[PDB]
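Spelled out from the first residue to the last, the chains are:
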Protein chains: 2
Amino acid sequence: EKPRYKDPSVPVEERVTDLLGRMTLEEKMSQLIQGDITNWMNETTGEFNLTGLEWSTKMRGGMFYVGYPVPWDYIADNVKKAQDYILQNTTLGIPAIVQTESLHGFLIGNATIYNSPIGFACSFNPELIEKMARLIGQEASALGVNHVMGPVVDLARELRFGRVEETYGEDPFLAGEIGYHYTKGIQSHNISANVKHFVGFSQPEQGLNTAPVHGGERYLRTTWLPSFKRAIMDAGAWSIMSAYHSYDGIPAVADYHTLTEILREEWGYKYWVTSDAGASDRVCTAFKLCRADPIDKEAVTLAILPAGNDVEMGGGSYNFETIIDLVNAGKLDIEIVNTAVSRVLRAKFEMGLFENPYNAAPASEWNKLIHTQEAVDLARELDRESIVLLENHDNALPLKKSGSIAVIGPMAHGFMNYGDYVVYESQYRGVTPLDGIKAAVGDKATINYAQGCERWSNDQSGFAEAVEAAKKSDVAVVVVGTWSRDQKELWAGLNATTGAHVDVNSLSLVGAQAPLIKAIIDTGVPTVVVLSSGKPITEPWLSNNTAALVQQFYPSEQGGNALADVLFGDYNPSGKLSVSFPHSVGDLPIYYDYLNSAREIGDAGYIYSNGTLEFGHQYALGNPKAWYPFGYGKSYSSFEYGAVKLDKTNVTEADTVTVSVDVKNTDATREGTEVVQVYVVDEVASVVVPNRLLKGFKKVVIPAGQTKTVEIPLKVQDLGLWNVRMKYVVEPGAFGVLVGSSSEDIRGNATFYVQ
Amino acid sequence: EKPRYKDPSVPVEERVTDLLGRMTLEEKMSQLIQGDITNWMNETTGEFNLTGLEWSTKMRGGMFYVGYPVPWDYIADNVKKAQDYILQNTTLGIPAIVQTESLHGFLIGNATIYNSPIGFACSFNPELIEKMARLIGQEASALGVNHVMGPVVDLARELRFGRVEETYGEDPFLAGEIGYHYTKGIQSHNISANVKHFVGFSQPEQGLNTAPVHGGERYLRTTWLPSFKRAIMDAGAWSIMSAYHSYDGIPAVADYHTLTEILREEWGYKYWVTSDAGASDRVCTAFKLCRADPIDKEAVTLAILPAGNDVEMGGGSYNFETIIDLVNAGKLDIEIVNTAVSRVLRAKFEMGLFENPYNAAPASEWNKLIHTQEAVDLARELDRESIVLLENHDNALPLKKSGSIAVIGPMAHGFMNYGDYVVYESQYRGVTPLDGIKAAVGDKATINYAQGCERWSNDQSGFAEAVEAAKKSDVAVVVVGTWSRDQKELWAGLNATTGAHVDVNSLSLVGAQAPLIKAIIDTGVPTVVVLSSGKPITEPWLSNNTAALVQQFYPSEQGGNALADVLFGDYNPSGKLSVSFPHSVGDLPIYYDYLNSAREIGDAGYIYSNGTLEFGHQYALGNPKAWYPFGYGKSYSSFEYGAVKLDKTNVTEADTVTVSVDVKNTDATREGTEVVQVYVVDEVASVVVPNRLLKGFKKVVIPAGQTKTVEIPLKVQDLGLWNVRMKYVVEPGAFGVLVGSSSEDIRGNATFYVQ
Ligand SMILES: OC[C@H]1O[C@@H](O)[C@H](O)[C@@H](O)[C@@H]1O[C@@H]1O[C@H](CO[C@H]2OC[C@@H](O)[C@H](O)[C@H]2O)[C@@H](O[C@@H]2O[C@H](CO[C@H]3OC[C@@H](O)[C@H](O)[C@H]3O)[C@@H](O[C@@H]3O[C@H](CO[C@H]4OC[C@@H](O)[C@H](O)[C@H]4O)[C@@H](O)[C@H](O)[C@H]3O)[C@H](O)[C@H]2O)[C@H](O)[C@H]1O
Ligand SMILES: OC[C@H]1O[C@@H](O)[C@H](O)[C@@H](O)[C@@H]1O[C@@H]1O[C@H](CO[C@H]2OC[C@@H](O)[C@H](O)[C@H]2O)[C@@H](O[C@@H]2O[C@H](CO[C@H]3OC[C@@H](O)[C@H](O)[C@H]3O)[C@@H](O[C@@H]3O[C@H](CO[C@H]4OC[C@@H](O)[C@H](O)[C@H]4O)[C@@H](O)[C@H](O)[C@H]3O)[C@H](O)[C@H]2O)[C@H](O)[C@H]1O
Ligand SMILES: *[C@@H]1O[C@H](CO)[C@@H](O[C@@H]2O[C@H](CO)[C@@H](O)[C@H](O)[C@H]2NC(C)=O)[C@H](O)[C@H]1NC(C)=O
Ligand SMILES: *[C@@H]1O[C@H](CO)[C@@H](O[C@@H]2O[C@H](CO)[C@@H](O)[C@H](O)[C@H]2NC(C)=O)[C@H](O)[C@H]1NC(C)=O
Ligand SMILES: O[C@@H]1[C@@H](O)[C@H](O)O[C@H](CO[C@H]2OC[C@@H](O)[C@H](O)[C@H]2O)[C@H]1O
Ligand SMILES: O[C@@H]1[C@@H](O)[C@H](O)O[C@H](CO[C@H]2OC[C@@H](O)[C@H](O)[C@H]2O)[C@H]1O
Ligand SMILES: *[C@@H]1O[C@H](CO)[C@@H](O)[C@H](O)[C@H]1NC(C)=O
Ligand SMILES: *[C@@H]1O[C@H](CO)[C@@H](O)[C@H](O)[C@H]1NC(C)=O
Ligand SMILES: *[C@@H]1O[C@H](CO)[C@@H](O)[C@H](O)[C@H]1NC(C)=O
Ligand SMILES: *[C@@H]1O[C@H](CO)[C@@H](O)[C@H](O)[C@H]1NC(C)=O
Ligand SMILES: *[C@@H]1O[C@H](CO)[C@@H](O)[C@H](O)[C@H]1NC(C)=O
Ligand SMILES: *[C@@H]1O[C@H](CO)[C@@H](O)[C@H](O)[C@H]1NC(C)=O
Ligand SMILES: *[C@@H]1O[C@H](CO)[C@@H](O)[C@H](O)[C@H]1NC(C)=O
Ligand SMILES: *[C@@H]1O[C@H](CO)[C@@H](O)[C@H](O)[C@H]1NC(C)=O
Ligand SMILES: *[C@@H]1O[C@H](CO)[C@@H](O)[C@H](O)[C@H]1NC(C)=O
Ligand SMILES: *[C@@H]1O[C@H](CO)[C@@H](O)[C@H](O)[C@H]1NC(C)=O
Ligand SMILES: *[C@@H]1O[C@H](CO)[C@@H](O)[C@H](O)[C@H]1NC(C)=O
Ligand SMILES: *[C@@H]1O[C@H](CO)[C@@H](O)[C@H](O)[C@H]1NC(C)=O
Ligand SMILES: [Ca+2]
Ligand SMILES: [Ca+2]
């Protein structure tokens, strides 16, 4: 007599079948459309509108967005009102999924802000990233959130595109490892991850946000899909978000081959796909696959729902409201609707929502769960591990805590240089470089600060003050780079050089920043430049014209403390680049995993700083090789690698090859951390393959003078290619194993053979 | 009793069967490998080596290259020796194909040099290009050549790549029309064309010569293949050359899908495919599909010959010498060899070579066939029709033949600015801008010449002389641009900014050229800039800071006379751009036929010349829209278009729609020529398609005040797409017809509907 779907002990598929058979067609439509908390919650006052909750639950009640910059109790209270309404005032009581952003911290004011993804990928520390994700899930779940819109497992393969910072770099393997760990950390709370943006999104034409992508099926399977497969199938993500683009002319939101044939029929994915925000309308408005004005809502629904895009996100025209009419007209098979709903319900059952619909903590516990010291300490630790040392001439770094230090530049103080996907007014809280350097030295050194310039201006009126600061100091630290905006300022249109919908046609420093550096170097004071940015910057004259060069991708709220830890030697920098740096925007793309036959062609030309021209061929007056390659990063210590050893030389597809190498820290006094990287070369292939691929790594702490044996496993099944019949095969033959300190700095090699 | 293959009256397929059944395996191998005239001809002395001819005919005798910078009689005599040896000293007497380059003129000294392809495509005059090709074939056949290595029907879709100049622009339709006409003109002589480079070659990664191409099958079929289909199938080209690249990871030289499934099984191509020069070795050396050192010649042959690449070009390791061993070992089916040989023989029979093996004229007739006044006049006419007027402020142009005129700049005099694929020392003959301007004015104007700068230097020591020339003149013409090299200097490594193996990471003027222009403008003398180049140049400040701006892609030997014809008003410029011009190399790609959802996104930023920054989004500080779009070009006259009329509004796939529009020349006095362009929009599609596509045009001469009715046919069968099943369909629905003066300057529109 009680419904079987309410029984926690019944197998999930039986619960899904029982619930689906009780649902009206309107109740099915409602599970597939995303609502919004502001449908019942006034964003300024927090005041409740029942009529709005009734409508939202009826028409778009399966899940709703909560990413507004409001007090914690507005979110907790109005989420509770929604879950209570569902239980008391609907027949079936299907609990809502409650969605927000988490990219590099729970998107609510005064929560912990971690460094941006492109930066924490430079840690090469997926276990530390899993701890971050567990703390983000702790913070989110405290307020009643049960779904976060991450990770991004897109690859940074088009450096003009504004969302490079949101990715884990250009490499499929590193992005897949980080996405697996991030997904696992979030879902350890029974909160759903949302792997995005499926698939092939982040190589837009011209670098423009949402522009179409040129590519074939071999590139899609070889490069784009692996990070998705690691986060979705291996970590068991409960949801996916499809993308805005077309890939070889098929919209991602309407691609049956990717969303159904690969994702379900090949991989066996069990759960649901949502569109991106207004991605449904784009089928007509951007792609012209239907009438745009007025929008053909039926045509949108008939394109995307049968393709395998189960859920329509807000931000569009709510085209799926046509489902009732389409099923009643015989234009849409009820089985397609039932499959979509089943996917959403399956995730909600497995998450535990029917047994625990509202997971918020009481108000008295929020300060014990959100912005804890454990989370702030982890923010500092992970930021510190992400900093990449690019140059260090004649032991300029680390700095002594003595004498006088100039701290110069627009990114040194006055605002926090956060990446995108932070809440409004975040930039007014956190540790700046100046704050961290002043705290580090105390009364032992004099700090001479000068802004030098505004990041958004070519005005040089601040230079004389900065030159005076440098001249009165023993060393100068100059902090410059790119900037983004928070989730109100970005969409209001305030100036930026990176972030969603902020694309660039140049990677050089903007405004007076490069001339500011030149003015300080020209004092003859040793000058340490810190790049504070969301993507590569092209200024190759910095490598040999400064005393040291440090990369800190957009910081955590502890950014200046992490930076001072490295600058003063309390931490030996250990980061390695997650993305290759070109010499110029004219040299793109620059990824390290180019196909054999790319990049290494001919001789490069050069333009001397005095204007002399030295003509070459690839290019006439420039260089297509990376300025700094994927995996690059220096240390205050030096590392010497021994002979590479394999445990097995003659293997099957079924085998694991363990790579062993002894690494010695040859420094006289300082412990350091090395990221040992393993690149695999498929020496002879039946189709053209990537020249080399990262397939393992290990980050190892090595005391001064000590030797550590580093072991890295290679699963042979993971080393295959997509052959001329579009089948995945590990072909018999030789595989080279290249071991070293970057994708170019190879210190040893070995070979094994697949039979 | 006499062999059937010798009977001219026997059907070609019976001749092929009879000859093939008489051939040894070595004789079959020899038809599939390209020899070289220098195997028997000393390039310096012309002296004959019989032993060399015997070997070359035995091992690689089907065809041979003759592109060396030698006297006419060296070519004629040593070709005759080869054809005579074949007839007297081989069993079967299979006549040789005799190959050279023809791109923009027969590649031998003192033959007619036409303007480069990217330039003559701006004529939008395929009938005039067919007359050029007929004259190139007259010149080549005079010396015993029977095969030319063109046309290039690649598209200029990557502006960094050095071979943009060799193409007919970025548009499939225009490139297909020109390639059809060029092929037809050559083959009217019973000389074979060689359509190249099949397929998808000219979008290399990073812009680098021979680098791999990312793209899908829909892009390949939609954009890359159509120009090939027009030149190959509609004009009946007797040969094709495959390319150096990989496309989505399949080498073009080893692609069974393109070379066999599309080219033969879909299209029904009857003839042969050659590799490019050393393209066979690349299967191992660049693509790593086999051992490189020592080269696995068997593996190369097993990859490319069965794929459909019949003939191995010289410049590699002559891998096909393994055919005998491979057939004898049972590794290569004799039927694959027999099919390849049959394709070569079929072309040789159809050409008429067995009846006429040596087509050279006698020496007494060479000056009546090569470099005739008819050919030189056509060179001037076609060059003049190719010049594009970009700007003309306040009737600066045309110039009067009075007063004083300054002629300034590195490209104004001292060398001819020819494109690539000219013979060694060509640059010392032809009409420079200065030569043409001095000839035009005679004693009616004073010409003040100054070089101003060297194209390859930032030295400004010549500026004072040029400023003095400008100040003493009423108007200044400044000639700058890019440069290439001839077929000895290019491969010797001399400096260049365009041409095969000369790729660039910037499109801005090189060296002191832009500062030279600024120095002349700053005199206050009206300044007319002529861009003399092989591809777009990015200098947007020229549009509104000069008096006039003229584009002349690399000239003919009559270049300065054609330029003076336009500058002084004897010809009203009529060219339209074959390729879109971006604002910056950071904005690429820039083709006009982008897919719906590309390019038109968001708001553009700007950097003022005073350094003020104006932030946008696409891009933060730049503009992804073209500076000048495909099809752009001004006139001294103005044109007013009437209403667009269609003869039929309701059509089938079988129908032709004729577009009619009245065009009036509204100038007070001057006749002018307009290129009326017709763009088709498929308003609603089942897959994402190009936003608009050129599908017809007509170049029309209109006297001042006159109205002409222009009629352009559209074959509805040509307006389809490649659907989600990769089938070509013309889908029922609306097609917009946009008529105008460029791809952006649309003056009228109409709609028809397919049933
Ligand atoms: O109306 C124009 C303009 O008016 C001004 O008055 C106002 O200041 C602007 O806000 C406004 O623009 C719209 O703003 C919102 C964000 O609004 C905040 O600012 C005002 C505050 O008062 C308010 O509290 C805030 O809500 C933008 O939202 C962003 O939308 C993008 C997608 O939209 C962009 O990208 C695609 C392109 O096609 C569009 O034209 C472009 O604008 C999101 O991008 C995807 O979003 C999802 C998250 O979705 C969630 O937020 C959006 C919502 O509709 C949906 O229901 C939610 O689930 C990510 O997970 C994906 O990774 C990402 O790809 C942004 O996150 C989102 O914040 C509007 O775009 C804008 O028009
Ligand atoms: O050995 C290095 C260097 O030594 C110096 O001493 C010398 O000055 C250089 O010549 C030399 O380099 C080689 O030069 C030849 C051209 O040689 C001329 O200059 C010297 C003169 O004394 C002599 O009479 C001349 O022959 C180059 O030839 C060009 O080759 C390219 C292809 O090679 C390039 O592109 C691919 C890349 O993989 C290579 O590394 C790169 O060098 C042609 O490109 C294709 O060629 C065909 C035409 O083929 C015909 O010419 C080449 C020949 O082997 C073949 O048998 C012929 O059919 C075009 O139709 C295609 O469109 C194009 O894609 C050039 O046309 C060709 O002139 C050598 O590359 C170079 O190594
Ligand atoms: C970029 O945005 C900043 C705001 O972040 C603008 O800064 C304001 O500029 C005016 C005059 O330029 C000042 O009086 C305000 O005090 C500025 N605010 C801050 C926080 O500095 C800046 O003008 C914008 N720049 C451009 C070029 O758009
Ligand atoms: C580019 O190539 C030209 C040859 O075309 C070089 O010109 C020679 O330069 C030397 C000294 O620079 C002169 O003495 C010769 O007279 C020049 N020859 C000509 C024909 O002008 C030029 O040097 C090269 N430039 C670079 C930067 O490589
Ligand atoms: O200061 C450390 C040294 O102690 C260690 O021995 O070498 C490191 C690497 O320095 C090289 O790479 C960076 C360049 O900028 C240097 O000039 C090189 O010696 C240093 O950080
Ligand atoms: O000189 C002719 C005029 O006679 C004709 O009337 O307009 C033409 C086009 O000029 C426009 O386009 C080019 C820009 O540079 C001008 O400023 C525009 O008026 C002229 O060539
Ligand atoms: C939210 O509250 C304020 C009143 O204090 C109001 O100005 C605004 O209109 C309200 N928003 C909505 C959509 O009712
Ligand atoms: C309350 O919500 C209903 C239904 O969406 C809406 O019509 C009404 O305008 C809302 N009132 C306020 C004050 O926002
Ligand atoms: C249920 O709806 C009734 C109005 O019909 C309302 O009085 C009651 O507060 C609602 N309860 C919840 C928990 O939403
Ligand atoms: C959390 O999710 C797992 C996996 O579906 C499930 O087994 C478990 O019961 C869930 N826990 C709760 C408390 O709902
Ligand atoms: C800086 O110096 C070293 C010279 O030892 C060199 O390897 C590197 O290429 C130089 N970097 C740049 C950007 O010029
Ligand atoms: C510029 O620097 C180069 C390289 O050191 C040198 O060869 C050249 O002579 C210098 N040029 C000038 C014009 O000073
Ligand atoms: C061609 O002739 C000249 C002799 O005048 C000679 O120097 C050169 O070696 C000859 N070439 C060959 C390959 O024999
Ligand atoms: C003549 O050709 C033969 C065969 O290729 C070659 O061995 C011999 O060296 C050549 N002699 C000259 C003078 O080039
Ligand atoms: C044929 O070969 C013989 C040498 O065996 C030679 O004497 C004769 O000149 C050759 N004839 C021709 C036309 O090549
Ligand atoms: C020229 O080619 C055509 C087409 O194959 C052929 O019909 C004709 O006989 C040829 N003419 C000569 C003189 O060989
Ligand atoms: C030149 O001037 C006209 C202003 O009427 C404008 O259309 C064009 O955009 C300007 N060109 C550039 C390159 O600024
Ligand atoms: C630069 O030009 C802009 C645009 O005319 C003007 O707004 C700005 O005031 C000028 N800037 C300076 C610093 O002169
Ligand atoms: Ca292999
Ligand atoms: Ca249509």
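Residues numbered from 1 in each chain as written, not as in the entry; some residues may be left out. Chains lettered and ligands numbered in written order. Heavy atoms only, no water.

In the PDB header, X-ray crystallography is given as the technique by which the entry was determined, and 1.4200 Å as its resolution.

J.: Even after reading the chapter, I still don't get the state of the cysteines, so can you show me in this structure?
T.: Two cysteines joined by a covalent bond between their sulfur atoms form a disulfide. Residues and elements named next belong to chain A. The final tally for this structure, using the stated rule, is two disulfides over all chains. One disulfide in the model links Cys-284 with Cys-290; its S-S distance is 2.1 Å. Taking the sign of the S-S torsion, about -95° here, the bridge from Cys-284 to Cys-290 comes out left-handed. Judged on exposure class, the residue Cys-284 and its partner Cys-290 are both buried. (Disulfide = S-S within 2.5 Å. Buried < 20%, exposed > 50% of the residue type's maximum accessible area, 1.4 Å probe, protein only.)

J.: Help me out: how do you make sense of the coordination of the calcium ion (ligand 20) in this one?
T.: Geometry sets the ideal angles at a metal, namely 109.5 degrees for four tetrahedral donors and 90 or 180 degrees for six octahedral donors. Residue and element names in this part refer to chain B. Coordination of the calcium ion (ligand 20) by the protein comes from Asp-682 (OD) and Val-684 (O), over a distance range of 2.0 to 2.2 Å. For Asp-682, a relative accessible area of 11% puts it in the buried group. Residue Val-684 is classed as partly exposed on the basis of its relative accessible area, which comes to 39%. (Donors = N, O, S within 2.8 Å, 3.2 Å for Na, K, Ca; no water.)

J.: Help me understand the site of ligand 8 in this model?
T.: Residues and elements named next belong to chain A. What surrounds ligand 8 is the set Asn-49, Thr-51, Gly-52 and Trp-55. With respect to ligand 8, the side chain of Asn-49 contributes an N or O atom lying 2.4 Å from an oxygen atom. Note that an oxygen atom of ligand 8 is positioned 3.3 Å from one of the backbone N or O atoms of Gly-52. When ligand 8 sits alone it has 360 Å² of accessible area, and the protein chains cover 32% of it. (Near = heavy atom within 4 Å. Polar contact = N/O pair within 3.5 Å; in protein donor to acceptor, adjacent residues only side chain to side chain. Areas by Shrake-Rupley, 256 points an atom, 1.4 Å probe, with all protein chains shown as cover.)

J.: Looking at this structure, how should I read helix α7 (residues 172-187) of chain A?
T.: Three- or four-residue spacings in an α-helix give side chains the same orientation, since the helix completes a turn every 3.6 residues. Residue and element names in this part refer to chain A. Between its first and last C-alpha atoms α7 spans 22 Å; for 16 residues at 1.5 Å apiece the expected length is 22 Å, and the two agree. Counted residue by residue, α7 has 14 buried out of 16 residues, so it is predominantly covered. A side-chain oxygen of the first residue of α7 lies 3.1 Å from the backbone nitrogen of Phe-173; this N-cap is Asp-171. (Helix = DSSP H or I, 4+ residues; strand = E, 2+ residues; numbered from the N terminus. Expected span 1.5 Å × (residues − 1).)

J.: Whenever I open this one, the site of ligand 6 confuses me. Can you help?
T.: All names here are of chain B. Taken together, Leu-389, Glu-391, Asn-392, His-393, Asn-395, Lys-634, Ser-635, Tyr-636, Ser-637 and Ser-638 form the complete shell of residues around ligand 6. Measuring from an oxygen atom of ligand 6, one finds a side-chain N or O atom of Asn-395 at 3.3 Å. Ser-638 places a polar side-chain atom, nitrogen or oxygen, 3.1 Å from an oxygen atom of ligand 6. Considering ligand 6 on its own, with 460 Å² of exposed area, one finds that the protein chains cover 67% of that surface.

J.: How do you make sense of the interface of chain A and chain B when you look at a structure like this?
T.: Frequently, the measure chosen for interface size is the accessible area removed from exposure when the parts meet. The interface is formed by 76 residues belonging to chain A together with 76 residues belonging to chain B. For the pair chain A and chain B, the summed buried area comes to about 6,000 Å², and 56% of that belongs to carbon and sulfur atoms. The tally of links between chain A and chain B comes to two salt bridges. Residue A:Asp248 is joined to B:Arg218 by a salt bridge in which the shortest nitrogen-to-oxygen separation is 3.9 Å. Elements with a contribution of two residues or more to the side of chain A that touches chain B: α8 (217-234) and β8 (250-251) of chain A. Ranked by the residues each element gives to the side of chain A that touches chain B, the list is headed by α8(A), at three residues. In terms of residue class, the side of chain A that touches chain B is made up of 38 nonpolar, 26 polar and twelve charged. (Contact = heavy atoms within 4.5 Å. Buried area = accessible area lost by both parts, 1.4 Å probe. Salt bridge = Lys/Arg side-chain N within 4 Å of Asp/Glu carboxyl O. Nonpolar A, V, L, I, M, F, W, Y, C, P; charged D, E, K, R; others polar.)

J.: So what exactly am I meant to see when it comes to the pairing of strand β12 (residues 446-450) of chain A here?
T.: A regular strand places its side chains on the two faces of the sheet in alternate fashion. Residue and element names in this part refer to chain A. Sheet analysis places strand β11 (residues 404-408) next to β12, joined by five bridges and oriented parallel. By the bridge assignment for β12, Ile-405 is matched with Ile-447. For the segment spanning β11, helix α16 (residues 433-441) and β12, crossover handedness is right-handed. (Pairing = 2+ DSSP bridges. Right-handed = clockwise from strand over helix to strand, strands pointing away.)

J.: What should I look at first to understand the UniProt feature "binding site: Ca(2+)" (unreviewed entry) in chain A in this one?
T.: When the UniProt feature table is mapped onto this chain numbering, "binding site: Ca(2+)" (unreviewed entry) sits at A:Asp682 and A:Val684. With respect to the helices and strands, the residue A:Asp682 is situated in strand β22 (residues 672-682). For A:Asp682, the residues in contact, after removing those within four places along its chain, are A:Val689, A:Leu721, A:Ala734 and A:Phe735. The residues touching A:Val684, leaving out its near neighbours within four places in the chain, are B:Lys288, B:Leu289, B:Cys290 and B:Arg291. (UniProt positions renumbered as here; feature names shortened; annotations may be inferred.)

J.: What exactly am I supposed to notice about the sheet that holds strand β1 (residues 34-36) of chain A here?
T.: Backbone-to-backbone hydrogen bonds pair the strands of a sheet. The strands run either parallel or antiparallel. Read from one edge to the other, the open sheet built from four strands follows the order β1-β2-β3-β4 (chain A), with strand pairing classed as parallel. Unpaired on one side and paired on the other, β1 and β4 (147-148) of chain A mark the two borders of the sheet.

J.: Teacher, can you tell me more about the sheet that holds strand β15 (residues 548-553) of chain B here?
T.: Residues and elements named next belong to chain B. Spatial ordering of the open sheet is given by β10-β15-β14-β13-β11-β12, a layout of six strands whose pairing is mixed. Each edge of the open sheet carries a strand with a single partner, namely β10 (388-392) and β12 (446-450). The mean inter-strand angle of the sheet, taken between neighbouring strand axes irrespective of direction, is 20°. The strands touched by helix α19 (residues 513-521) within the sheet are β11 (404-408), β13 (475-481) and β14 (527-533), with β13 carrying the most contacts at an inclination of about 170°. (Axes fitted to C-alpha atoms, helices over the stretch in contact; angles between N-to-C directions.)

J.: Can you help me understand the environment of B:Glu158 in this one?
T.: Residue and element names in this part refer to chain B. If you trace the backbone, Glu-158 turns up in the loop between β4 (147-148) and α7 (172-187). Along the primary structure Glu-158 and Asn-505 are separated by 347 residues, whereas in three dimensions their C-alpha atoms are 11 Å apart. Contact partners of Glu-158, with chain neighbours within four places excluded, come to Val-164, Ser-202, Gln-203, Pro-204, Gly-207 and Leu-588.

J.: When you look at helix α9 (residues 256-266) of chain A in this model, what are you seeing that I'm missing?
T.: Residue and element names in this part refer to chain A. Of all the positions in α9, only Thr-258, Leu-259, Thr-260, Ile-262, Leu-263 and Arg-264 are classed as buried. Buried residues in α9 make contact with β5 (195-198), α8, β6 (239-242), β9 (272-274) and α13 (334-351). For α9, the N-terminal capping position is held by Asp-255, with its side-chain oxygen 3.0 Å away from the main-chain nitrogen of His-257. Positive backbone phi, approximately 80°, marks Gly-268, located one or two places after α9.

J.: Would you take a moment to explain the domain arrangement of chain A for this structure?
T.: All names here are of chain A. Taken domain by domain, chain A consists of domain 1 (1-371), domain 2 (372-638) and domain 3 (639-755). Centre-to-centre, using C-alpha coordinates, domain 2 lies 31 Å away from domain 3. Contact with domain 3 buries surface across domain 2, with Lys-576, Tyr-592 and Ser-638 losing the most and accounting together for 29% of the total. At the boundary of domain 2 with domain 3, the tally comes to two salt bridges. Of the charged contacts, one joins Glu-674 and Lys-576 as a salt bridge, the two residues approaching to 2.9 Å between their closest N and O atoms. For the pair domain 2 and domain 3, the interface holds 14 residue pairs in polar contact. Looking at the side of domain 2 that touches domain 3 residue by residue, the class counts come to eleven nonpolar, eight polar and four charged. (Domains from an automatic or database assignment.)

J.: Even after reading the chapter, I still don't get the side chain of A:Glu130, so can you show me in this structure?
T.: Residues and elements named next belong to chain A. Note that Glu-130 resides in helix α6 (residues 126-142). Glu-130 sits in the buried class, given a relative accessible area of 7%. With residues near it in sequence (within four places) discarded, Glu-130 still touches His-181, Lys-184 and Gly-185.

J.: For this particular structure, what's the right way to read the pairing of strand β15 (residues 548-553) of chain A?
T.: All names here are of chain A. Most of β15 is tucked away, with six of its six residues classed as buried. Because side chains alternate across β15, one face comprises the buried residues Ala-548, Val-550 and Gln-552, and the other comprises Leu-549, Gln-551 and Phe-553, equally buried. Relative to β15, strand β10 (residues 388-392) runs antiparallel, the two sharing four bridges. Across the sheet, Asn-392 pairs through a bridge with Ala-548, a residue of β15. Relative to β15, strand β14 (residues 527-533) is paired through six bridges, and the arrangement is parallel. Of the residues in β15, the one forming a bridge with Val-528 is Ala-548.

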